[PDB]
Amino acid sequence: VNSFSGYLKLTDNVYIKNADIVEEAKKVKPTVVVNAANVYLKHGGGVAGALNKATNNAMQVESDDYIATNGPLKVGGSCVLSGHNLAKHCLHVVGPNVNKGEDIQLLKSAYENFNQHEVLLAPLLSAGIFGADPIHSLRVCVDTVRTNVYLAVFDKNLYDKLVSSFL
Ligand SMILES: Cc1c[nH]c2ncnc(NC[C@]3(O)CC[C@H](C)CC3)c12
C-alpha cells in the first residue's frame, strides 16, 4: 500500500492521473520522481523547467555540477540525483527528441531505466517539445516498465483521450 491517490488503473503496475507532477510530488513526496530531461540537464521548460522551478533552481545547480564532472547523458540514459523538496530522489531520464531526428526506438531504452526503481512518479517520456505521440509513449511504457509506475499527465484533453484508448 502506498500514498498515491485517485489514480486510474491502466494495467497491473501502471496507474494514471490528470495532474501536475509537481503538485503530485509536493503532496506525496515519493521516493523517486522522474524528470523528462535532456542530455545536458538544462531544465528550461516542460516537466524539467517545472520541477526545477519548484526546487528554487537547486535542481539546476546540482545538475550543472553533475555535468561538469561527468559530461552529458546518453539519449535513452539516466542519472539519479537529489529530489530536493519534491521527492527523495529524482531520476533524470532522457527520451529521444524526435523533432531533432533522434531514434524513436530509444524510447524503450529510456523507459528501461524505470525498472531499477520499485515505485516511481513519472510523466510520459518524449512528449512535449520532444514531439512524440503521447499514445505511443504510454504504450511503450506499459510494454517496458515492470515496476510500479504512477503517471501524471498535465493536459486534461490529452488525459481524457489517453484513458479512452487501447494500449
Ligand atoms: C509542463 C508540466 C508541468 N507539470 C507537468 N506535470 C506533468 N506533465 C507535464 N508535461 C507533459 C504532459 O503531461 C504530456 C505532454 C503534453 C504536451 C503536456 C502534458 C507537466
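We're numbering straight along the sequence, starting at 1. Every number for a ligand or one of its atoms is a count from 1 in the order of the listing.
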Mark up the atoms of ligand 1 that fall under 4.0 Å of a heavy atom belonging to [X], in ascending order.
X: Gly46; answer: 1 (C)
X: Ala50; answer: 3 (C)
X: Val47; answer: 1 (C), 8 (N), 9 (C), 10 (N), 20 (C)

Would you find more than 12 non-hydrogen atoms of other residues, nucleotides or ligands less than 6.0 Å from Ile129 atom CD1? no
Are there more than 12 heavy atoms of other residues, nucleotides or ligands under 6.0 Å from atom NZ of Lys100? yes
Could you check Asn113, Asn38, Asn35 and say which one makes a side-chain hydrogen bond (donor to acceptor under 3.5 Å, both in side chains) with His92? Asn35
Among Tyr7, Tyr150, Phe4, exactly one meets ring-ring contact (aromatic ring centres under 6.0 Å, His included) together with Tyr15. Which residue is that? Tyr150
Which residue and atom name correspond to the protein heavy atom nearest [atom], and how close is it?
atom: atom 14 (C) of ligand 1; answer: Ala127 CB, 4.0 Å
atom: atom 16 (C) of ligand 1; answer: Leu158 CD2, 4.0 Å
atom: atom 18 (C) of ligand 1; answer: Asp155 CB, 4.3 Å

Report yes if [X] has an N/O atom closer than 3.5 Å to an N/O atom of ligand 1; otherwise report no.
X: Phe154; value: yes
X: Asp20; value: yes
X: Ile21; value: yes

Measure the distances from the heavy atoms of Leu124 to every atom of ligand 1 and state whether one is below 4.0 angstrom. no
Can a donor-acceptor pair be found, under 3.5 Å and without considering hydrogens, that links the side chain of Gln60 to the backbone of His43? yes
Just by modelled atom types, is the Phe114 backbone N or O under 3.5 Å from a matching donor or acceptor in the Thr147 side chain? yes
Taking the side chain as everything from C-beta on, heavy atoms only, tell me whether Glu112 gets closer than 4.5 Å to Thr144. yes
